[PDB]
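Have a look at my_file-v5.pdb; it's PDB, C-alpha atoms:
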ATOM      1  CA  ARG A 114       5.302  -8.018 -14.273  1.00  0.00           C
ATOM      2  CA  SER A 115       4.451  -4.588 -12.895  1.00  0.00           C
ATOM      3  CA  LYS A 116       5.685  -3.122  -9.633  1.00  0.00           C
ATOM      4  CA  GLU A 117       2.578  -2.323  -7.498  1.00  0.00           C
ATOM      5  CA  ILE A 118      -0.659  -4.337  -8.285  1.00  0.00           C
ATOM      6  CA  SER A 119      -2.924  -1.460  -7.173  1.00  0.00           C
ATOM      7  CA  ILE A 120      -5.822  -3.270  -5.667  1.00  0.00           C
ATOM      8  CA  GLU A 121      -9.275  -1.650  -5.537  1.00  0.00           C
ATOM      9  CA  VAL A 122     -11.595  -1.007  -2.575  1.00  0.00           C
ATOM     10  CA  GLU A 123     -13.738  -4.045  -3.321  1.00  0.00           C
ATOM     11  CA  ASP A 124     -10.642  -6.335  -3.177  1.00  0.00           C
ATOM     12  CA  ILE A 125     -10.535  -5.705   0.620  1.00  0.00           C
ATOM     13  CA  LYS A 126     -12.510  -8.685   1.683  1.00  0.00           C
ATOM     14  CA  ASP A 127     -13.266  -7.745   5.308  1.00  0.00           C
ATOM     15  CA  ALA A 128     -14.130  -4.147   4.676  1.00  0.00           C
ATOM     16  CA  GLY A 129     -17.590  -3.094   5.844  1.00  0.00           C
ATOM     17  CA  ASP A 130     -20.246  -1.430   3.694  1.00  0.00           C
ATOM     18  CA  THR A 131     -19.843   2.025   5.300  1.00  0.00           C
ATOM     19  CA  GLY A 132     -16.087   1.464   5.454  1.00  0.00           C
ATOM     20  CA  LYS A 133     -15.851   0.965   1.681  1.00  0.00           C
ATOM     21  CA  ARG A 134     -18.070   3.996   1.036  1.00  0.00           C
ATOM     22  CA  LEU A 135     -15.755   6.128   3.190  1.00  0.00           C
ATOM     23  CA  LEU A 136     -12.585   4.810   1.545  1.00  0.00           C
ATOM     24  CA  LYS A 137     -13.977   5.804  -1.867  1.00  0.00           C
ATOM     25  CA  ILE A 138     -15.089   9.254  -0.790  1.00  0.00           C
ATOM     26  CA  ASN A 139     -13.079  12.253  -1.968  1.00  0.00           C
ATOM     27  CA  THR A 140     -14.083  15.148   0.290  1.00  0.00           C
ATOM     28  CA  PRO A 141     -15.068  15.856   3.908  1.00  0.00           C
ATOM     29  CA  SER A 142     -18.599  16.809   2.802  1.00  0.00           C
ATOM     30  CA  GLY A 143     -18.956  13.420   1.163  1.00  0.00           C
ATOM     31  CA  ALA A 144     -17.758  11.757   4.339  1.00  0.00           C
ATOM     32  CA  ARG A 145     -20.275  13.667   6.449  1.00  0.00           C
ATOM     33  CA  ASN A 146     -23.085  12.603   4.094  1.00  0.00           C
ATOM     34  CA  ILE A 147     -22.145   8.957   4.726  1.00  0.00           C
ATOM     35  CA  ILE A 148     -21.625   9.180   8.507  1.00  0.00           C
ATOM     36  CA  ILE A 149     -24.425  11.460   9.747  1.00  0.00           C
ATOM     37  CA  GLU A 150     -27.905  10.032   9.243  1.00  0.00           C
ATOM     38  CA  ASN A 151     -29.927  12.584  11.224  1.00  0.00           C
ATOM     39  CA  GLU A 152     -30.647  15.348   8.732  1.00  0.00           C
ATOM     40  CA  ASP A 153     -30.897  18.054  11.403  1.00  0.00           C
ATOM     41  CA  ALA A 154     -27.579  17.082  12.967  1.00  0.00           C
ATOM     42  CA  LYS A 155     -25.990  16.925   9.481  1.00  0.00           C
ATOM     43  CA  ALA A 156     -27.307  20.413   8.776  1.00  0.00           C
ATOM     44  CA  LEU A 157     -25.731  21.768  11.999  1.00  0.00           C
ATOM     45  CA  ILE A 158     -22.376  20.155  11.207  1.00  0.00           C
ATOM     46  CA  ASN A 159     -22.531  21.592   7.661  1.00  0.00           C
ATOM     47  CA  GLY A 160     -23.262  25.047   9.169  1.00  0.00           C
ATOM     48  CA  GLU A 161     -26.420  25.265   6.997  1.00  0.00           C
ATOM     49  CA  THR A 162     -29.708  25.077   8.893  1.00  0.00           C
ATOM     50  CA  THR A 163     -33.268  25.909   7.874  1.00  0.00           C
ATOM     51  CA  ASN A 164     -35.851  27.102  10.391  1.00  0.00           C
ATOM     52  CA  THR A 165     -37.160  23.481  10.471  1.00  0.00           C
ATOM     53  CA  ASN A 166     -33.645  22.152  11.147  1.00  0.00           C
ATOM     54  CA  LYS A 167     -33.262  24.748  13.945  1.00  0.00           C
ATOM     55  CA  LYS A 168     -36.580  23.761  15.574  1.00  0.00           C
ATOM     56  CA  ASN A 169     -35.661  20.097  15.360  1.00  0.00           C
TER      57      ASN A 169
ATOM     58  CA  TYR B  58      17.520 -13.615 -22.242  1.00  0.00           C
ATOM     59  CA  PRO B  59      14.919 -13.961 -19.469  1.00  0.00           C
ATOM     60  CA  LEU B  60      16.901 -15.084 -16.478  1.00  0.00           C
ATOM     61  CA  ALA B  61      15.437 -16.818 -13.473  1.00  0.00           C
ATOM     62  CA  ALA B  62      18.361 -15.675 -11.346  1.00  0.00           C
ATOM     63  CA  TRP B  63      20.787 -12.756 -11.199  1.00  0.00           C
ATOM     64  CA  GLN B  64      24.285 -12.155  -9.917  1.00  0.00           C
ATOM     65  CA  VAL B  65      24.184  -8.812  -8.159  1.00  0.00           C
ATOM     66  CA  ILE B  66      26.618  -6.898  -6.021  1.00  0.00           C
ATOM     67  CA  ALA B  67      25.602  -6.812  -2.364  1.00  0.00           C
ATOM     68  CA  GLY B  68      25.207  -3.475  -0.640  1.00  0.00           C
ATOM     69  CA  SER B  69      25.087  -5.063   2.800  1.00  0.00           C
ATOM     70  CA  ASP B  70      25.156  -8.329   4.719  1.00  0.00           C
ATOM     71  CA  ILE B  71      22.784 -10.733   2.992  1.00  0.00           C
ATOM     72  CA  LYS B  72      21.779 -14.091   4.364  1.00  0.00           C
ATOM     73  CA  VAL B  73      20.366 -17.087   2.606  1.00  0.00           C
ATOM     74  CA  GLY B  74      16.697 -16.673   1.764  1.00  0.00           C
ATOM     75  CA  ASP B  75      16.631 -12.923   2.404  1.00  0.00           C
ATOM     76  CA  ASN B  76      14.289 -10.880   0.277  1.00  0.00           C
ATOM     77  CA  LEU B  77      16.186  -8.289  -1.675  1.00  0.00           C
ATOM     78  CA  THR B  78      15.523  -4.809  -3.014  1.00  0.00           C
ATOM     79  CA  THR B  79      17.531  -1.970  -4.401  1.00  0.00           C
ATOM     80  CA  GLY B  80      20.026  -0.320  -2.138  1.00  0.00           C
ATOM     81  CA  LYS B  81      22.205   2.660  -2.725  1.00  0.00           C
ATOM     82  CA  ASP B  82      24.150   3.003  -5.971  1.00  0.00           C
ATOM     83  CA  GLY B  83      22.436  -0.008  -7.545  1.00  0.00           C
ATOM     84  CA  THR B  84      23.560  -2.458  -4.874  1.00  0.00           C
ATOM     85  CA  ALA B  85      21.277  -5.157  -3.457  1.00  0.00           C
ATOM     86  CA  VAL B  86      20.077  -5.055   0.127  1.00  0.00           C
ATOM     87  CA  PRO B  87      17.743  -7.043   2.437  1.00  0.00           C
ATOM     88  CA  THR B  88      14.197  -5.793   2.842  1.00  0.00           C
ATOM     89  CA  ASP B  89      11.183  -6.509   4.964  1.00  0.00           C
ATOM     90  CA  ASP B  90       8.796  -4.455   2.852  1.00  0.00           C
ATOM     91  CA  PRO B  91       6.931  -6.345   0.049  1.00  0.00           C
ATOM     92  CA  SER B  92       6.676  -4.424  -3.243  1.00  0.00           C
ATOM     93  CA  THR B  93      10.327  -3.424  -2.909  1.00  0.00           C
ATOM     94  CA  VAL B  94      11.201  -7.097  -3.246  1.00  0.00           C
ATOM     95  CA  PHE B  95      12.527  -8.154  -6.614  1.00  0.00           C
ATOM     96  CA  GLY B  96      14.062 -11.439  -5.567  1.00  0.00           C
ATOM     97  CA  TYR B  97      15.779 -13.356  -2.828  1.00  0.00           C
ATOM     98  CA  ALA B  98      19.207 -14.614  -2.041  1.00  0.00           C
ATOM     99  CA  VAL B  99      20.269 -18.197  -2.296  1.00  0.00           C
ATOM    100  CA  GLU B 100      23.770 -17.278  -1.124  1.00  0.00           C
ATOM    101  CA  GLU B 101      25.299 -15.489   1.826  1.00  0.00           C
ATOM    102  CA  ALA B 102      27.369 -12.365   1.155  1.00  0.00           C
ATOM    103  CA  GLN B 103      29.305  -9.772   3.165  1.00  0.00           C
ATOM    104  CA  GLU B 104      29.400  -6.379   1.482  1.00  0.00           C
ATOM    105  CA  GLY B 105      30.499  -5.599  -2.049  1.00  0.00           C
ATOM    106  CA  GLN B 106      30.512  -9.302  -2.794  1.00  0.00           C
ATOM    107  CA  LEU B 107      28.371 -10.730  -5.513  1.00  0.00           C
ATOM    108  CA  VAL B 108      25.321 -12.646  -4.459  1.00  0.00           C
ATOM    109  CA  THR B 109      23.175 -14.970  -6.454  1.00  0.00           C
ATOM    110  CA  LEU B 110      19.535 -14.264  -6.143  1.00  0.00           C
ATOM    111  CA  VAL B 111      16.401 -15.662  -7.662  1.00  0.00           C
ATOM    112  CA  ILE B 112      14.143 -13.261  -9.033  1.00  0.00           C
ATOM    113  CA  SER B 113      10.616 -13.207  -7.623  1.00  0.00           C
TER     114      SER B 113
END

I'd like the structure from this file rewritten - as C-alpha coordinates, please.
Amino acid sequence: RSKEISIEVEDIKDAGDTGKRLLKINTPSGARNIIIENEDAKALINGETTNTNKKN
Amino acid sequence: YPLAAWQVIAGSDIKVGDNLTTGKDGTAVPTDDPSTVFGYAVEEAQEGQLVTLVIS
(Lines of atoms letter the chains of each structure in order from A and count residues from 1; the text may use other names and numbers.)
(Lines give C-alpha, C1' and ligand atoms only; values in the text may rest on other atoms or scores of the structure.)
Protein backbone atom coordinates (compact mmCIF):
# COMPACT_ATOMS: atom_id res chain seq x y z
CA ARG A 1 0.00 0.00 0.00
CA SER A 2 2.76 2.37 -1.06
CA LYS A 3 5.07 4.29 1.25
CA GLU A 4 4.58 8.04 0.49
CA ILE A 5 1.18 9.07 -1.10
CA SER A 6 2.75 12.04 -2.94
CA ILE A 7 0.00 14.56 -2.87
CA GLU A 8 -0.22 17.28 -5.54
CA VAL A 9 -0.36 21.08 -5.19
CA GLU A 10 -4.12 21.20 -5.66
CA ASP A 11 -4.61 18.75 -2.73
CA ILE A 12 -3.50 21.58 -0.37
CA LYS A 13 -6.88 22.91 0.46
CA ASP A 14 -5.93 26.25 2.06
CA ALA A 15 -3.30 27.21 -0.44
CA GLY A 16 -3.87 30.55 -2.17
CA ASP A 17 -3.99 31.11 -5.93
CA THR A 18 -0.57 32.84 -6.10
CA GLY A 19 0.75 30.39 -3.51
CA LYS A 20 -0.09 27.39 -5.71
CA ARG A 21 1.40 29.09 -8.78
CA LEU A 22 4.65 29.66 -6.86
CA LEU A 23 4.79 26.10 -5.52
CA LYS A 24 4.52 24.77 -9.08
CA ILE A 25 7.14 27.10 -10.51
CA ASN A 26 10.54 25.67 -11.41
CA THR A 27 12.88 28.65 -11.73
CA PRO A 28 13.52 32.08 -10.18
CA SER A 29 12.52 33.79 -13.44
CA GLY A 30 9.18 32.02 -13.30
CA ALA A 31 8.74 33.14 -9.72
CA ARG A 32 9.49 36.76 -10.62
CA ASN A 33 6.91 36.61 -13.42
CA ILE A 34 4.27 35.59 -10.86
CA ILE A 35 5.23 38.04 -8.09
CA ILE A 36 6.05 41.30 -9.90
CA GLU A 37 3.08 42.84 -11.70
CA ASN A 38 4.61 46.19 -12.67
CA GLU A 39 6.33 45.52 -15.98
CA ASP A 40 8.92 48.27 -15.50
CA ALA A 41 9.87 47.02 -12.04
CA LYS A 42 10.02 43.43 -13.38
CA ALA A 43 12.32 44.61 -16.15
CA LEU A 44 14.69 46.25 -13.62
CA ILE A 45 14.78 43.12 -11.46
CA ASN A 46 15.47 41.00 -14.57
CA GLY A 47 18.33 43.39 -15.48
CA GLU A 48 16.72 43.92 -18.93
CA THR A 49 15.25 47.37 -19.53
CA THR A 50 14.14 49.14 -22.70
CA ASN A 51 14.29 52.91 -23.05
CA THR A 52 10.53 52.95 -22.21
CA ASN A 53 11.14 50.84 -19.08
CA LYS A 54 13.96 53.25 -18.08
CA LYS A 55 11.74 56.33 -18.53
CA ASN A 56 8.97 54.70 -16.54
CA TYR B 1 -0.13 -15.02 4.31
CA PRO B 2 -1.29 -11.41 4.79
CA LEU B 3 -0.92 -10.80 8.48
CA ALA B 4 -2.71 -8.09 10.39
CA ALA B 5 -0.04 -8.17 13.08
CA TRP B 6 3.68 -8.93 13.36
CA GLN B 7 6.04 -10.12 16.05
CA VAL B 8 9.13 -7.98 15.73
CA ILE B 9 12.25 -7.54 17.80
CA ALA B 10 12.34 -4.22 19.63
CA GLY B 11 15.28 -1.91 19.12
CA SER B 12 14.32 0.27 22.06
CA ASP B 13 11.77 0.83 24.81
CA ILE B 14 8.32 0.54 23.27
CA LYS B 15 5.11 1.37 25.05
CA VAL B 16 1.60 0.29 24.32
CA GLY B 17 0.09 2.16 21.38
CA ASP B 18 3.41 3.57 20.15
CA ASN B 19 3.78 4.03 16.44
CA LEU B 20 6.67 2.02 15.12
CA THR B 21 9.19 2.31 12.32
CA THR B 22 12.42 0.69 11.35
CA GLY B 23 15.35 1.11 13.65
CA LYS B 24 18.90 0.00 13.26
CA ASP B 25 19.68 -3.53 12.08
CA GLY B 26 16.03 -4.28 11.29
CA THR B 27 14.80 -3.67 14.83
CA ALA B 28 11.57 -1.81 15.60
CA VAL B 29 11.57 1.58 17.26
CA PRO B 30 9.05 4.29 18.29
CA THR B 31 8.50 7.17 15.91
CA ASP B 32 6.74 10.48 15.86
CA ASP B 33 7.10 10.99 12.12
CA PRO B 34 4.18 9.72 9.93
CA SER B 35 5.28 7.96 6.72
CA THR B 36 7.93 6.08 8.69
CA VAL B 37 5.11 4.39 10.57
CA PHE B 38 4.37 0.84 9.54
CA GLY B 39 2.39 -0.19 12.59
CA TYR B 40 1.91 0.23 16.30
CA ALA B 41 2.56 -1.72 19.42
CA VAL B 42 -0.08 -3.46 21.43
CA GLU B 43 2.54 -4.65 23.91
CA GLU B 44 5.23 -3.08 26.04
CA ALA B 45 8.83 -4.15 25.47
CA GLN B 46 12.28 -3.32 26.86
CA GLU B 47 15.05 -3.78 24.31
CA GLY B 48 15.77 -6.86 22.24
CA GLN B 49 12.45 -8.30 23.34
CA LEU B 50 9.82 -9.23 20.85
CA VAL B 51 6.85 -6.95 20.57
CA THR B 52 3.54 -7.57 18.95
CA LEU B 53 2.46 -4.82 16.68
CA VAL B 54 -0.45 -4.23 14.40
CA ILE B 55 0.37 -3.19 11.08
CA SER B 56 -1.07 0.13 9.91

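For the structure shown here, the set of residues caught by the ChimeraX specification (/A :<10) & /B is residues 91, 92, 93, 94, 95 and 113 of chain B.
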
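Restricting the calculation to only C-alpha atoms, the smallest distance between residue 133 of chain A and any of A:168, A:145, A:121, A:159 is found for A:121.
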
Radius query 9 Å about (19.0, -16.4, 4.4), atoms used: only C-alpha atoms, as a PyMOL selection string: chain B and resi 71-76+97-101

Next, the residues of the selection above should be written as a tab-separated table (two decimals), in the coordinates of the input with C-alpha atoms.
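The new file out-v2.tsv reads:
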chain	number	residue	atom	x	y	z
B	71	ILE	CA	22.78	-10.73	2.99
B	72	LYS	CA	21.78	-14.09	4.36
B	73	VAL	CA	20.37	-17.09	2.61
B	74	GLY	CA	16.70	-16.67	1.76
B	75	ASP	CA	16.63	-12.92	2.40
B	76	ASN	CA	14.29	-10.88	0.28
B	97	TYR	CA	15.78	-13.36	-2.83
B	98	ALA	CA	19.21	-14.61	-2.04
B	99	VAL	CA	20.27	-18.20	-2.30
B	100	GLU	CA	23.77	-17.28	-1.12
B	101	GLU	CA	25.30	-15.49	1.83

Using the chain letters and numbering of this document, enumerate as a PDB file with C-alpha atoms, keeping the file's coordinate frame the residues selected by the PyMOL selection byres ((chain B and resi 104) around 7).
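Contents of part.pdb, as written:
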ATOM      1  CA  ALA B  67      25.602  -6.812  -2.364  1.00  0.00           C
ATOM      2  CA  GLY B  68      25.207  -3.475  -0.640  1.00  0.00           C
ATOM      3  CA  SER B  69      25.087  -5.063   2.800  1.00  0.00           C
ATOM      4  CA  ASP B  70      25.156  -8.329   4.719  1.00  0.00           C
ATOM      5  CA  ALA B 102      27.369 -12.365   1.155  1.00  0.00           C
ATOM      6  CA  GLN B 103      29.305  -9.772   3.165  1.00  0.00           C
ATOM      7  CA  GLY B 105      30.499  -5.599  -2.049  1.00  0.00           C
ATOM      8  CA  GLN B 106      30.512  -9.302  -2.794  1.00  0.00           C
TER       9      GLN B 106
END

List, as an MDAnalysis selection string, every residue that the PyMOL selection byres ((chain B and resi 79) around 9) selects in the file provided. chainID B and resid 68 77:78 80:88 93:95

Atom pair atom CA of residue 146 of chain A + atom CA of residue 163 of chain A, distance 17.2 Å

12 Å contact set for residue 137 of chain A, only C-alpha atoms, chain neighbours under 5 positions out, as a list in words: residues 121, 122, 123, 128, 130, 131, 132, 143, 144 and 147 of chain A

Excluding residue 157 of chain A and its own-chain neighbours fewer than 4 positions away, which residues fall within 9 Å of it when counting all atoms listed in the file? Please give them as JSON, numbers by chain. {"A": [152, 153, 161, 162, 166, 167]}

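The gap separating atom CA of residue 142 of chain A from atom CA of residue 164 of chain A is 21.5 Å, in Å to one decimal.
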
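Here atom CA of residue 109 of chain B is placed at a distance of 15.4 Å from atom CA of residue 59 of chain B.
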
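Contact shell of residue 62 of chain B at 8 Å (only C-alpha atoms; same-chain neighbours under 2 positions omitted): residues 60, 64, 109, 110, 111 and 112 of chain B.
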